[PDB]
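What follows is a short report on a single structure.
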Amino acid sequence: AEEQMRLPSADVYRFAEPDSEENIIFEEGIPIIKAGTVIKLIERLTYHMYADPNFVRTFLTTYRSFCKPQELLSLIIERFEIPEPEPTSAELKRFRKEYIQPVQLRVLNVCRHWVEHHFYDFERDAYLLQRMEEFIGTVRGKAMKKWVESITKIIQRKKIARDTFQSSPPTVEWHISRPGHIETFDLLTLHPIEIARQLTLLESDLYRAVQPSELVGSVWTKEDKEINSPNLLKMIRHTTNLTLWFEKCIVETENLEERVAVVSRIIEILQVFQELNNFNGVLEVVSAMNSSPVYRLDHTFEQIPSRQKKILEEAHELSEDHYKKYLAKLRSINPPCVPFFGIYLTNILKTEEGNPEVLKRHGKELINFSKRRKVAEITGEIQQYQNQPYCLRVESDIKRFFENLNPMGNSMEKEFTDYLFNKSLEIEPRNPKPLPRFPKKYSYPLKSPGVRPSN
Ligand SMILES: COc1cc2nc(C)nc(N[C@H](C)c3ccc(-c4cnc5n4CCC5)s3)c2cc1OC
């Protein structure tokens with residue numbers, strides 16, 4: 001074959017090897033890559049024949065699961081440095097025009113996407129950014145000039161990046177605690193509507209901050225979780241803290257009648273979450289009512305009105321049969337919404353545990369890229385809900401109060417959840433032990449203002 005001899009030799013260039021079942025596999029137009037060696041992945045990422053924006057996006061989202069950022073940069077620079085063949089210039093003019101120029105453009109296309117959509121890599125590693133500017137500095141040619149500028153214009157935008165409502169939002173609601181009196185802020189003293197509004201604004205912001213790479217390769221459960229998954233972990237910790245705070249509010253209210261009022265208020269909070277389509281919020285309340293300390297409180301739930309029970313039961317049924325009702329509800333509503341985040345983590349963990357890192361062919365390891373695309377498709381679903389701002393006014397004091405929630409204190413999670421359950425046994429002992437009475441802890445009126453706003 002003359003076309004293969006037009007390409008460089010194997011002893012001078014590693015990205016012009018023949019394709020086979022020993023180095024690359026395609027899935028069942030543009031071929032979609034099932035698996036392959038890292039060399040073949042870089043080859044197809046910068047393929048001369050066509051543009052592959054789907055593969056570029058998916059590669060750059062997921063590559064950290066099989067290749068370090070330092071390795072990737074080296075490999076795309078090695079790819080870029082295509083050696084010219086020796087002289088006998090008709091062959092050299094075709095080779096430059098039809099192979100070198102396309103591949104070199106495709107490498108810079110990868111660099112542009114890398115810096116525009118995954119600049120955080122270059123924030124985490126300073127030397128990585130120096131190398132990229134070193135490489136983008138030392139270039140040539142008329143066609144590259146535009147790409148070399150566009151890349152360096154994006155880099156300086158991200159250096160600078162380091163350092164309004166459409167309609168009229170509704171009036172902020174208050175109840176017992178007056179505006180400013182932050183010492184009196186609590187579950188029953190703030191207004192339930194406003195608790196729900198401020199948590200939704202907070203959770204919306206945390207949902208939108210999560211980047212796809214934070215979820216790939218289960219990196220949030222590894223040694224470098226705090227650097228690789230800062231927004232993700234912030235979102236999980238909020239959910240952990242809000243859930244355990246609801247549970248703490250209920251079981252530390254030892255008086256039965258006061259505890260009924262606490263539980264009823266949390267169900268009211270959930271009602272406003274569903275008015276707002278904050279599903280994350282709905283399912284935090286559901287998680288709290290189903291926890292071991294709360295779910296067993298039969299005396300408490302006996303006094304909760306039937307309509308409130310029904311609402312809480314209907315919320316639970318969102319999760320039944322692999323979240324069927326939830327998923328039908330989510331696709332049917334209009335913006336704005338906060339999707340339930342927990343399901344995405346569950347399904348990514350099933351993809352990660354359920355598929356192998358590599359595929360065996362003839363004793364050689366090919367990286368399983370279909371595994372990465374599946375994970376990226378799940379992060380794609382996350383992204384489609386990330387541009388949905390709420391027409392709701394921030395209240396900084398209430399925001400700050402829920403931002404600084406720390407129900408566990410200085411306790412570990414297990415010992416705190418053991419405490420909560422032991423507290424549940426104290427306030428409502430198991431049969432046949434009699435139910436003791438406990439004195440009231442609240443000096444203020446327990447009647448809720450309700451969930452209809454003003455006007
Ligand atoms: C399959 O088991 C469950 C079935 C469940 N079915 C339904 C319809 N809703 C569940 N959860 C919601 C969030 C509820 C929590 C508390 C609720 C309640 C209302 N009245 C009483 N309770 C418990 C003591 C007496 S309802 C389920 C939770 C389940 O596991 C925790």
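As the structure lists them, so they are numbered: ligands from 1, and atoms in each ligand from 1. Along the sequence shown, the residues carry numbers beginning at 1. When reading the values below, keep in mind they use all heavy atoms of this one structure, side chains included, and skip hydrogens, waters and symmetry mates.
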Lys/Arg N to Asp/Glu carboxylate O, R361 vs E21, below 4.0 Å: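 No salt bridge links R361 with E21.
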With a 4.0 Å cut-off, would you call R208 and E203 a salt bridge? no
According to the interplanar angle, ranging from 0 to 90°, do the rings of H113 and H117 count as parallel (below 30°), tilted (30 to 60°) or perpendicular (above 60°)? tilted
Would you please classify the geometry between the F59 ring and the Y63 ring as parallel, tilted or perpendicular, with 30° and 60° separating the classes?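 Rings of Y63 and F59: parallel, as their planes differ by under 30°.
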Establish, yes or no, whether the cationic atom of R44 lies under 6.0 Å from the six-membered ring centre of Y47 and within 45° of the ring axis. yes
For [atom], the protein heavy atom that lies nearest, with its residue and separation:
| atom | result |
| --- | --- |
| atom 26 (S) of ligand 1 | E313 CG, 4.0 Å |
| atom 10 (C) of ligand 1 | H316 CG, 3.2 Å |
| atom 19 (C) of ligand 1 | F301 CD2, 3.8 Å |
| atom 29 (C) of ligand 1 | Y295 OH, 3.6 Å |

In ligand 1, which numbered atoms sit nearer than 4.0 Å to a non-hydrogen atom of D298? 24 (C), 25 (C)
Just which atoms of ligand 1 are under 4.0 Å from any heavy atom in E317? 8 (C)
With a sphere of 6.0 Å drawn around NZ of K309, does it hold more than 12 non-hydrogen atoms of other residues, nucleotides or ligands?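 For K309, atom NZ is crowded (more than 12 foreign heavy atoms under 6.0 Å).
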Considering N290, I304, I267, which one's heavy-atom position lies nearest to atom 14 (C) of ligand 1? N290
